[PDB]
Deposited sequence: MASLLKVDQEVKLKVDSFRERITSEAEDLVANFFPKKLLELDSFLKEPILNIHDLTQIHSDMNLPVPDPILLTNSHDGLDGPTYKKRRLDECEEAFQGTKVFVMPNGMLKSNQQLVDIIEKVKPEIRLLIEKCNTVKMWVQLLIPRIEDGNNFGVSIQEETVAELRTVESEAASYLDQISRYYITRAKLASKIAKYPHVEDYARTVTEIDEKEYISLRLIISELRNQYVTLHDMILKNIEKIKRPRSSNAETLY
């Protein structure tokens, strides 16, 4: 064993408690409330447009406002899952016990929970990257529309990128709603083994 100073140890123990209280309130209060808010956004008219010709913008020059406005609403939700998933993962990580030869089935559930939260955080970060990739790809296609006015397929590439972003951003909002419901159910179904592994 290595000796640890008591005054710092008491401050570390208060951090471990605060992380425990937040992770439990996030799983049992925030994850359920956030699922209801994200479900309500998907029932709004902006995210349910049948003719995708409506979302098209005339074009080099301007950026799609109908997409810029939806992205501005989606980006705050992706940032909240990444932050809240990190607090929940740390809580499960600090409940994993001393490595021992037997009674390691509960530890596997705790290790499976930490691996799911790492997948959710990585998928959420990819969604933020896809929004940046849309702006760079539309920006390049706009430069090519001006450089080669004769080719009509350059213009069709901008309309295709805009329509695919509308489908992709609506799918990201459905996936964020699905991740909050899936993580709440799994953590609550497997709570006794996650809280008390052995």
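Which runs of the deposited chain sequence never show up in the coordinates? According to the record, the gaps fall at 1-3, 63-107, 247-254.
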